[PDB]
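Undergrad: Would you mind keeping the following structure in view while I ask a few things?
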Amino acid sequence: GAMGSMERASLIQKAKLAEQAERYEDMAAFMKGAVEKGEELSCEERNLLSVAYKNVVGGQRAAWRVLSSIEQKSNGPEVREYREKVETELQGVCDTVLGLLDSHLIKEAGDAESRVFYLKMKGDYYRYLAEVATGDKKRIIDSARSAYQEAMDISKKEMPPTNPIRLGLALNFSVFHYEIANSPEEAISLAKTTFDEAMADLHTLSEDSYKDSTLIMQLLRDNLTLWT
Amino acid sequence: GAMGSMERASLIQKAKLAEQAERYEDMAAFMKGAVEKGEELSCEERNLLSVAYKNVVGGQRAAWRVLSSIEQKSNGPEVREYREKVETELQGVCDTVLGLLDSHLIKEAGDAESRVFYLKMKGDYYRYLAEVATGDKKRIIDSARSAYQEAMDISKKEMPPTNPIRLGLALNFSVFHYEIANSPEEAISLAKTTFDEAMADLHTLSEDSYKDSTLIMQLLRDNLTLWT
Amino acid sequence: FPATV
Amino acid sequence: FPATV
Ligand SMILES: N=C(N)c1cc(-c2ccccc2)c(CNC(=O)c2ccc3cc[nH]c3c2)s1
Ligand SMILES: N=C(N)c1cc(-c2ccccc2)c(CNC(=O)c2ccc3cc[nH]c3c2)s1
Ligand SMILES: N=C(N)c1cc(-c2ccccc2)c(CNC(=O)c2ccc3cc[nH]c3c2)s1
Ligand SMILES: N=C(N)c1cc(-c2ccccc2)c(CNC(=O)c2ccc3cc[nH]c3c2)s1
Ligand SMILES: [Cl-]
Ligand SMILES: [Cl-]
Ligand SMILES: [Mg+2]
Ligand SMILES: [Mg+2]
Ligand SMILES: [Mg+2]
Ligand SMILES: [Mg+2]
Ligand SMILES: [Mg+2]
Ligand SMILES: [Mg+2]
């Protein structure tokens, strides 16, 4: 760990600065270092970890999609080689995040809020691996589904339907169903049920909670509009 | 050179793919490898080199500005340390580009078109170093000015006033005067003279040349509007 | 592409 | 910031 010599608090502070500078690779390295200190992460710290790696892998996914499309049309070795290079780097980032979750964020997350957060992340990074997998692929897909479903089960027992982690989990699991599992009806049913159950609970929310929940509800609606 | 084993043509092709994927760090590494093959660069290849490093260093500059502003307001060691980290990486990229120009793009550029292109780049990367330098700074600034001015002298002898390399050189040298040399009147005078001389030569241009030249002329006008 | 968070 | 190319 190249971050092993830096104080945990300094790593968190620098992750926040990297975010403001849109330096997401740095942000992810700082947050990896913070995780490797071995202590549990607070809610803010989990959000910092998630934002950093989401942005890094999101850039890799966007690039992979551009290159894959070019490769498909072309069907020399260069396009394949370069797509493979990006793919391998993306898989490396996913393996790194899954490694952090397995060593040892998930096992040490006692609270439902933390366990759901990390199981959602596990589903997300298996989903990103599944996007680029080509057969191996089945095991990755089933692994994503199992992580998402365990998170769903916990979230339903322990969180209200407006909780933003529960909502984002359902949003992402719905996308998994649509784009990975080739189960669009499951995707649509989950987004709709999630939206309707949250709508019925908005009356319980303060102004701040209402803003969080309705933001994600709009994303659910956006996806349903795309899919129907 | 980690790119030493890849064919020159494959490096160029992959630089073009990286550009389409907005993978500018990769693009710059591919173009560095191409330069290190030791052959002169064509116009398209010079443009690929320039675009790649402009984007890489542009991102670093934007981040450095965010961090410097935070550092200034705060006036622990973390903000300074992280600004210093970004600064050192930016200086490393500038040193890499200046190294390519000195070994041996400039000395082997016989044509005016190529020599002007590389001298402009030399001015640009000394300008980026000057943005972060703090005293050393004087030598960097004078070095940028000398490179820009030599490029200007050649461009005036050998290129028409609508030539897009000549126009972009003047645009950037004008910015150098305004933001680095604290010589706003020189900056404004150069942008205006450059714009007016190009305007008077537009009548000689084909439709394609007219599009190139007027694009940069609009940037000259944009800067003049900012400065007056 | 669809929204995820 | 001003335009450069
Ligand atoms: N630095 C950051 N990026 C965050 C810090 C905290 C935080 C800070 C202090 C205490 C607890 C958590 C975050 C959680 N908050 C959010 O508002 C949020 C809002 C909107 C969206 C849309 C997609 N995802 C979202 C997350 S994000
Ligand atoms: N129980 C709750 N409803 C929350 C408790 C805390 C909290 C916990 C400890 C300290 C401070 C705050 C929350 C902070 N917000 C988030 O994490 C968050 C995450 C994602 C999104 C997307 C849209 N909005 C979002 C908000 S939400
Ligand atoms: N791959 C690329 N990025 C380029 C390939 C070539 C090229 C391709 C074939 C032969 C010669 C040169 C380039 C030069 N052309 C441009 O049009 C250009 C246009 C507009 C702007 C605005 C700021 N800079 C600009 C450059 S850019
Ligand atoms: N003599 C000329 N006027 C040109 C000859 C060639 C050329 C030379 C060899 C092969 C193919 C083309 C040109 C290709 N365009 C550029 O390099 C260029 C660069 C920057 C900008 C910014 C806006 N437009 C731009 C165009 S311009
Ligand atoms: Cl490659
Ligand atoms: Cl640092
Ligand atoms: Mg300590
Ligand atoms: Mg592969
Ligand atoms: Mg615990
Ligand atoms: Mg060869
Ligand atoms: Mg320094
Ligand atoms: Mg020569």
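Just so we're on the same page: first chain in the structure tokens is A, next is B, and so on; residues restart at 1 for each chain, and ligands are numbered from 1 in the order they show up.
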Any idea which chain B residues end up within 12 Å of chain D if we count only C-alpha atoms, as an MDAnalysis selection string please?
TA: chainID B and resid 47 50:51 53:55 58 61:62 65 117 120:121 124 127:128 164:179 187 191 215:227
Undergrad: As a short mmCIF file (atom, residue, chain, number, x, y, z; two decimals) with N, CA and C atoms, in the first residue's frame, please: every residue in stretch 73-180 of chain A that DSSP puts in helix (DSSP H, G or I).
TA:
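Dumped everything to result.cif:
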data_model
loop_
_atom_site.label_atom_id
_atom_site.label_comp_id
_atom_site.auth_asym_id
_atom_site.auth_seq_id
_atom_site.Cartn_x
_atom_site.Cartn_y
_atom_site.Cartn_z
N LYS A 73 -17.77 -2.93 -35.53
CA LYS A 73 -17.85 -2.47 -36.92
C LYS A 73 -16.73 -3.08 -37.76
N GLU A 78 -5.03 -4.05 -33.72
CA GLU A 78 -4.87 -2.91 -32.81
C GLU A 78 -6.15 -2.59 -32.03
N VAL A 79 -7.31 -2.58 -32.69
CA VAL A 79 -8.55 -2.24 -31.99
C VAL A 79 -8.83 -3.26 -30.90
N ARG A 80 -8.71 -4.54 -31.23
CA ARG A 80 -8.90 -5.58 -30.23
C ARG A 80 -7.89 -5.43 -29.10
N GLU A 81 -6.62 -5.21 -29.43
CA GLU A 81 -5.60 -5.11 -28.40
C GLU A 81 -5.90 -3.96 -27.45
N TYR A 82 -6.34 -2.83 -28.02
CA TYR A 82 -6.53 -1.65 -27.18
C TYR A 82 -7.81 -1.80 -26.36
N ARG A 83 -8.88 -2.32 -26.97
CA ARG A 83 -10.06 -2.67 -26.18
C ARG A 83 -9.70 -3.63 -25.05
N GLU A 84 -8.89 -4.65 -25.34
CA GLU A 84 -8.43 -5.57 -24.31
C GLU A 84 -7.65 -4.86 -23.21
N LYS A 85 -6.82 -3.88 -23.57
CA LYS A 85 -6.06 -3.15 -22.56
C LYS A 85 -7.00 -2.42 -21.62
N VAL A 86 -7.96 -1.69 -22.17
CA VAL A 86 -8.92 -0.97 -21.34
C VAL A 86 -9.73 -1.95 -20.50
N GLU A 87 -10.15 -3.06 -21.11
CA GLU A 87 -10.93 -4.07 -20.41
C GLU A 87 -10.17 -4.62 -19.22
N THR A 88 -8.89 -4.94 -19.41
CA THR A 88 -8.07 -5.48 -18.33
C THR A 88 -7.92 -4.47 -17.21
N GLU A 89 -7.76 -3.19 -17.55
CA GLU A 89 -7.66 -2.17 -16.50
C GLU A 89 -8.97 -2.03 -15.75
N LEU A 90 -10.09 -2.09 -16.46
CA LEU A 90 -11.41 -2.06 -15.82
C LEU A 90 -11.59 -3.25 -14.89
N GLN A 91 -11.25 -4.45 -15.36
CA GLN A 91 -11.34 -5.63 -14.50
C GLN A 91 -10.44 -5.48 -13.29
N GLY A 92 -9.27 -4.87 -13.46
CA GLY A 92 -8.40 -4.67 -12.33
C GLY A 92 -9.01 -3.75 -11.28
N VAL A 93 -9.68 -2.68 -11.72
CA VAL A 93 -10.34 -1.79 -10.77
C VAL A 93 -11.47 -2.51 -10.06
N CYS A 94 -12.30 -3.25 -10.81
CA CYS A 94 -13.36 -4.04 -10.18
C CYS A 94 -12.79 -5.04 -9.18
N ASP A 95 -11.71 -5.73 -9.54
CA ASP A 95 -11.14 -6.70 -8.61
C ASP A 95 -10.63 -6.00 -7.35
N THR A 96 -10.08 -4.80 -7.50
CA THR A 96 -9.60 -4.04 -6.36
C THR A 96 -10.75 -3.70 -5.42
N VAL A 97 -11.85 -3.20 -5.97
CA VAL A 97 -12.99 -2.84 -5.11
C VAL A 97 -13.56 -4.09 -4.44
N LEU A 98 -13.75 -5.16 -5.22
CA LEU A 98 -14.26 -6.40 -4.63
C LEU A 98 -13.31 -6.92 -3.57
N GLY A 99 -12.01 -6.73 -3.77
CA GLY A 99 -11.06 -7.12 -2.75
C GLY A 99 -11.22 -6.33 -1.47
N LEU A 100 -11.47 -5.02 -1.57
CA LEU A 100 -11.70 -4.23 -0.38
C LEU A 100 -12.97 -4.68 0.34
N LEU A 101 -14.02 -4.99 -0.43
CA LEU A 101 -15.25 -5.43 0.19
C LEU A 101 -15.05 -6.75 0.91
N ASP A 102 -14.23 -7.63 0.33
CA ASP A 102 -14.01 -8.95 0.93
C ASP A 102 -12.94 -8.93 2.02
N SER A 103 -12.12 -7.90 2.08
CA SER A 103 -11.00 -7.81 3.02
C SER A 103 -10.90 -6.38 3.57
N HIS A 104 -11.78 -6.00 4.51
CA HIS A 104 -12.78 -6.84 5.16
C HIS A 104 -14.04 -6.03 5.45
N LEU A 105 -14.46 -5.19 4.51
CA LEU A 105 -15.55 -4.26 4.78
C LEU A 105 -16.85 -5.00 5.08
N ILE A 106 -17.20 -5.98 4.25
CA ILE A 106 -18.49 -6.65 4.42
C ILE A 106 -18.53 -7.42 5.73
N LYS A 107 -17.48 -8.21 6.02
CA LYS A 107 -17.55 -9.03 7.22
C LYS A 107 -17.59 -8.19 8.49
N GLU A 108 -17.03 -6.98 8.46
CA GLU A 108 -17.01 -6.14 9.65
C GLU A 108 -18.17 -5.16 9.71
N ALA A 112 -27.07 -2.77 9.55
CA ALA A 112 -27.73 -2.98 8.27
C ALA A 112 -27.34 -1.92 7.26
N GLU A 113 -27.28 -0.66 7.68
CA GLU A 113 -26.98 0.43 6.76
C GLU A 113 -25.66 0.17 6.04
N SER A 114 -24.63 -0.24 6.79
CA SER A 114 -23.32 -0.47 6.19
C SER A 114 -23.33 -1.73 5.34
N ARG A 115 -23.93 -2.81 5.86
CA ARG A 115 -23.92 -4.06 5.11
C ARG A 115 -24.65 -3.92 3.78
N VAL A 116 -25.80 -3.23 3.78
CA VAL A 116 -26.53 -3.01 2.54
C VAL A 116 -25.68 -2.21 1.55
N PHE A 117 -25.03 -1.14 2.04
CA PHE A 117 -24.17 -0.31 1.21
C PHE A 117 -23.11 -1.15 0.51
N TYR A 118 -22.41 -2.00 1.27
CA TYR A 118 -21.32 -2.76 0.69
C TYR A 118 -21.82 -3.89 -0.20
N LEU A 119 -22.94 -4.51 0.15
CA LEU A 119 -23.49 -5.55 -0.72
C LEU A 119 -23.98 -4.96 -2.05
N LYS A 120 -24.56 -3.76 -2.01
CA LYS A 120 -24.89 -3.06 -3.24
C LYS A 120 -23.64 -2.84 -4.08
N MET A 121 -22.57 -2.35 -3.45
CA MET A 121 -21.32 -2.17 -4.18
C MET A 121 -20.84 -3.48 -4.79
N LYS A 122 -20.92 -4.58 -4.03
CA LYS A 122 -20.51 -5.87 -4.56
C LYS A 122 -21.31 -6.22 -5.81
N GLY A 123 -22.62 -6.00 -5.76
CA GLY A 123 -23.43 -6.23 -6.94
C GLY A 123 -23.02 -5.35 -8.11
N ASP A 124 -22.77 -4.07 -7.83
CA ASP A 124 -22.37 -3.13 -8.88
C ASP A 124 -21.08 -3.57 -9.56
N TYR A 125 -20.05 -3.96 -8.78
CA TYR A 125 -18.76 -4.30 -9.41
C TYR A 125 -18.79 -5.66 -10.10
N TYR A 126 -19.57 -6.62 -9.60
CA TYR A 126 -19.81 -7.82 -10.40
C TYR A 126 -20.59 -7.47 -11.66
N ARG A 127 -21.53 -6.52 -11.58
CA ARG A 127 -22.25 -6.10 -12.78
C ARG A 127 -21.29 -5.51 -13.83
N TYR A 128 -20.34 -4.69 -13.39
CA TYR A 128 -19.40 -4.12 -14.34
C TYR A 128 -18.51 -5.20 -14.94
N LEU A 129 -18.10 -6.18 -14.14
CA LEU A 129 -17.38 -7.32 -14.71
C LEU A 129 -18.24 -8.06 -15.72
N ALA A 130 -19.53 -8.24 -15.43
CA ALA A 130 -20.40 -8.97 -16.34
C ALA A 130 -20.54 -8.25 -17.67
N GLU A 131 -20.47 -6.92 -17.66
CA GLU A 131 -20.60 -6.17 -18.90
C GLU A 131 -19.54 -6.56 -19.92
N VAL A 132 -18.36 -6.96 -19.45
CA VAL A 132 -17.24 -7.25 -20.35
C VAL A 132 -16.92 -8.73 -20.42
N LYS A 137 -18.90 -15.72 -17.43
CA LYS A 137 -19.93 -14.69 -17.42
C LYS A 137 -21.13 -15.12 -16.59
N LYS A 138 -21.56 -16.38 -16.74
CA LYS A 138 -22.72 -16.84 -15.98
C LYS A 138 -22.47 -16.76 -14.48
N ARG A 139 -21.29 -17.18 -14.03
CA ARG A 139 -20.98 -17.14 -12.61
C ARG A 139 -20.94 -15.71 -12.10
N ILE A 140 -20.38 -14.80 -12.89
CA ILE A 140 -20.32 -13.39 -12.49
C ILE A 140 -21.72 -12.83 -12.35
N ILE A 141 -22.59 -13.14 -13.30
CA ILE A 141 -23.94 -12.62 -13.29
C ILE A 141 -24.70 -13.13 -12.07
N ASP A 142 -24.58 -14.43 -11.81
CA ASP A 142 -25.30 -14.97 -10.66
C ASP A 142 -24.75 -14.39 -9.37
N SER A 143 -23.44 -14.13 -9.31
CA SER A 143 -22.84 -13.53 -8.13
C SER A 143 -23.35 -12.12 -7.91
N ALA A 144 -23.48 -11.33 -8.97
CA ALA A 144 -24.07 -10.00 -8.83
C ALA A 144 -25.48 -10.11 -8.28
N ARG A 145 -26.28 -11.01 -8.86
CA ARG A 145 -27.66 -11.13 -8.43
C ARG A 145 -27.74 -11.50 -6.96
N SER A 146 -26.88 -12.42 -6.51
CA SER A 146 -26.92 -12.85 -5.11
C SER A 146 -26.57 -11.72 -4.16
N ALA A 147 -25.55 -10.92 -4.50
CA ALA A 147 -25.21 -9.79 -3.66
C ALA A 147 -26.34 -8.77 -3.61
N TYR A 148 -26.87 -8.38 -4.78
CA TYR A 148 -27.99 -7.45 -4.81
C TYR A 148 -29.17 -7.98 -3.99
N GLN A 149 -29.50 -9.26 -4.16
CA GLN A 149 -30.69 -9.80 -3.51
C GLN A 149 -30.51 -9.85 -2.00
N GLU A 150 -29.31 -10.21 -1.52
CA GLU A 150 -29.06 -10.16 -0.08
C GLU A 150 -29.20 -8.74 0.46
N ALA A 151 -28.68 -7.76 -0.28
CA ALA A 151 -28.85 -6.37 0.11
C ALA A 151 -30.33 -5.98 0.12
N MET A 152 -31.09 -6.44 -0.88
CA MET A 152 -32.51 -6.14 -0.91
C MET A 152 -33.21 -6.73 0.31
N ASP A 153 -32.89 -7.97 0.65
CA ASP A 153 -33.56 -8.63 1.76
C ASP A 153 -33.30 -7.86 3.06
N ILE A 154 -32.05 -7.46 3.28
CA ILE A 154 -31.70 -6.71 4.48
C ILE A 154 -32.40 -5.35 4.47
N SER A 155 -32.35 -4.65 3.33
CA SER A 155 -32.91 -3.31 3.23
C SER A 155 -34.41 -3.33 3.51
N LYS A 156 -35.10 -4.38 3.10
CA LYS A 156 -36.54 -4.42 3.32
C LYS A 156 -36.86 -4.63 4.79
N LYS A 157 -36.03 -5.41 5.48
CA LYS A 157 -36.25 -5.66 6.90
C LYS A 157 -35.88 -4.46 7.75
N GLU A 158 -34.86 -3.68 7.35
CA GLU A 158 -34.19 -2.77 8.25
C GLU A 158 -34.23 -1.30 7.85
N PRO A 164 -32.27 6.40 1.01
CA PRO A 164 -31.58 6.57 -0.27
C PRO A 164 -30.67 5.41 -0.64
N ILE A 165 -30.10 4.69 0.32
CA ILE A 165 -29.30 3.52 -0.02
C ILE A 165 -30.20 2.41 -0.54
N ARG A 166 -31.34 2.21 0.13
CA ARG A 166 -32.29 1.22 -0.37
C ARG A 166 -32.79 1.59 -1.77
N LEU A 167 -33.10 2.87 -1.99
CA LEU A 167 -33.57 3.29 -3.29
C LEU A 167 -32.51 3.10 -4.37
N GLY A 168 -31.27 3.47 -4.09
CA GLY A 168 -30.24 3.33 -5.10
C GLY A 168 -29.91 1.88 -5.39
N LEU A 169 -29.94 1.04 -4.35
CA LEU A 169 -29.80 -0.40 -4.55
C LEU A 169 -30.85 -0.91 -5.52
N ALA A 170 -32.12 -0.55 -5.29
CA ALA A 170 -33.18 -1.02 -6.18
C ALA A 170 -33.03 -0.47 -7.59
N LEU A 171 -32.67 0.81 -7.72
CA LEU A 171 -32.39 1.37 -9.03
C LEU A 171 -31.34 0.55 -9.77
N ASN A 172 -30.22 0.27 -9.10
CA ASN A 172 -29.13 -0.44 -9.77
C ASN A 172 -29.47 -1.90 -10.03
N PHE A 173 -30.16 -2.56 -9.10
CA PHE A 173 -30.57 -3.95 -9.31
C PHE A 173 -31.53 -4.03 -10.48
N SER A 174 -32.42 -3.04 -10.61
CA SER A 174 -33.32 -3.01 -11.75
C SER A 174 -32.53 -2.92 -13.06
N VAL A 175 -31.51 -2.07 -13.10
CA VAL A 175 -30.67 -1.96 -14.29
C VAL A 175 -29.95 -3.28 -14.56
N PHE A 176 -29.43 -3.90 -13.51
CA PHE A 176 -28.87 -5.25 -13.65
C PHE A 176 -29.84 -6.18 -14.36
N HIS A 177 -31.09 -6.22 -13.90
CA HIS A 177 -32.06 -7.12 -14.51
C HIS A 177 -32.24 -6.80 -15.98
N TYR A 178 -32.32 -5.51 -16.31
CA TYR A 178 -32.62 -5.12 -17.68
C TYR A 178 -31.44 -5.39 -18.61
N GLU A 179 -30.25 -4.95 -18.22
CA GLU A 179 -29.13 -4.90 -19.15
C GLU A 179 -28.19 -6.09 -19.05
#
Undergrad: Starting from chain A, keep only residues with some atom at most 8 Å from an atom of chain B, counting only C-alpha atoms, and report them as a list in words.
TA: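 The complete set of qualifying residues is residues 10, 13, 14, 17, 20, 21, 22, 23, 62, 63, 64, 66, 67, 78, 79 and 82 of chain A.
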Undergrad: Name the residues in contact with residue A:199 at a cut-off of 9 Å, using only C-alpha atoms, excluding same-chain residues fewer than 5 positions from it; report them as number ranges by chain.
TA: A: 161-162, 194, 213-214, 217
Undergrad: List all protein, DNA and RNA residues that have an atom no more than 7 Å from any atom of ligand 12, counting only C-alpha atoms and all ligand atoms, and report them as a PDB file with N, CA, C and O atoms, in the first residue's frame.
TA:
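Done, and the output landed in part_13.pdb:
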ATOM      1  N   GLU B  40      10.528  11.812 -38.202  1.00  0.00           N
ATOM      2  CA  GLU B  40       9.728  13.030 -38.181  1.00  0.00           C
ATOM      3  C   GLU B  40       8.239  12.691 -38.141  1.00  0.00           C
ATOM      4  O   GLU B  40       7.806  11.583 -38.497  1.00  0.00           O
ATOM      5  N   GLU B 108      15.311  18.356 -35.868  1.00  0.00           N
ATOM      6  CA  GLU B 108      15.095  17.647 -37.122  1.00  0.00           C
ATOM      7  C   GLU B 108      13.963  18.232 -37.959  1.00  0.00           C
ATOM      8  O   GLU B 108      13.692  17.707 -39.046  1.00  0.00           O
ATOM      9  N   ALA B 109      13.321  19.304 -37.506  1.00  0.00           N
ATOM     10  CA  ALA B 109      12.216  19.920 -38.241  1.00  0.00           C
ATOM     11  C   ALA B 109      12.797  20.950 -39.206  1.00  0.00           C
ATOM     12  O   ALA B 109      13.127  22.070 -38.810  1.00  0.00           O
ATOM     13  N   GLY B 110      12.927  20.563 -40.463  1.00  0.00           N
ATOM     14  CA  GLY B 110      13.521  21.456 -41.439  1.00  0.00           C
ATOM     15  C   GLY B 110      12.517  22.427 -42.021  1.00  0.00           C
ATOM     16  O   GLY B 110      12.817  23.608 -42.227  1.00  0.00           O
TER      17      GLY B 110
END
Undergrad: List all protein, DNA and RNA residues that have at least one atom no more than 10 Å from any atom of ligand 10, counting only C-alpha atoms and all ligand atoms, and write them as a ChimeraX atom specification.
TA: /B:4-10,37
Undergrad: Keeping only N, CA, C and O atoms, write those residues as a PDB file, in the first residue's frame.
TA:
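As a result, out.pdb now contains:
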ATOM      1  N   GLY B   4       8.317   0.872 -26.751  1.00  0.00           N
ATOM      2  CA  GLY B   4       9.373   0.554 -27.691  1.00  0.00           C
ATOM      3  C   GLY B   4       9.119  -0.675 -28.544  1.00  0.00           C
ATOM      4  O   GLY B   4       9.670  -0.798 -29.635  1.00  0.00           O
ATOM      5  N   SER B   5       8.314  -1.616 -28.059  1.00  0.00           N
ATOM      6  CA  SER B   5       8.083  -2.840 -28.813  1.00  0.00           C
ATOM      7  C   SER B   5       6.902  -2.761 -29.771  1.00  0.00           C
ATOM      8  O   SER B   5       6.657  -3.708 -30.517  1.00  0.00           O
ATOM      9  N   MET B   6       6.147  -1.664 -29.786  1.00  0.00           N
ATOM     10  CA  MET B   6       4.992  -1.554 -30.648  1.00  0.00           C
ATOM     11  C   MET B   6       5.376  -0.822 -31.923  1.00  0.00           C
ATOM     12  O   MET B   6       6.145   0.151 -31.886  1.00  0.00           O
ATOM     13  N   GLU B   7       4.821  -1.285 -33.040  1.00  0.00           N
ATOM     14  CA  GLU B   7       5.039  -0.647 -34.325  1.00  0.00           C
ATOM     15  C   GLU B   7       4.595   0.807 -34.297  1.00  0.00           C
ATOM     16  O   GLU B   7       3.569   1.155 -33.694  1.00  0.00           O
ATOM     17  N   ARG B   8       5.363   1.654 -34.974  1.00  0.00           N
ATOM     18  CA  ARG B   8       4.985   3.056 -35.116  1.00  0.00           C
ATOM     19  C   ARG B   8       3.554   3.222 -35.612  1.00  0.00           C
ATOM     20  O   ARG B   8       2.787   4.038 -35.075  1.00  0.00           O
ATOM     21  N   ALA B   9       3.176   2.506 -36.673  1.00  0.00           N
ATOM     22  CA  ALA B   9       1.844   2.673 -37.235  1.00  0.00           C
ATOM     23  C   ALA B   9       0.785   2.240 -36.233  1.00  0.00           C
ATOM     24  O   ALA B   9      -0.322   2.807 -36.192  1.00  0.00           O
ATOM     25  N   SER B  10       1.092   1.212 -35.441  1.00  0.00           N
ATOM     26  CA  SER B  10       0.128   0.740 -34.456  1.00  0.00           C
ATOM     27  C   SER B  10      -0.039   1.775 -33.357  1.00  0.00           C
ATOM     28  O   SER B  10      -1.152   1.979 -32.855  1.00  0.00           O
ATOM     29  N   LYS B  37      10.234   6.718 -31.877  1.00  0.00           N
ATOM     30  CA  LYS B  37      10.707   5.930 -32.999  1.00  0.00           C
ATOM     31  C   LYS B  37      11.774   6.668 -33.777  1.00  0.00           C
ATOM     32  O   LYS B  37      12.501   6.044 -34.554  1.00  0.00           O
TER      33      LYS B  37
END
Undergrad: When you draw a straight line from atom CA of residue B:52 to atom CA of residue B:29, how long is it in Å?
TA: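 Atom-to-atom, atom CA of residue B:52 and atom CA of residue B:29 are spaced 8.6 Å apart.
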Undergrad: What does the distance from atom 6 (C, counted along the ligand's line) of ligand 2 to atom CA of residue A:43 come to in Å, to one decimal?
TA: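 So the answer is 6.6 Å.
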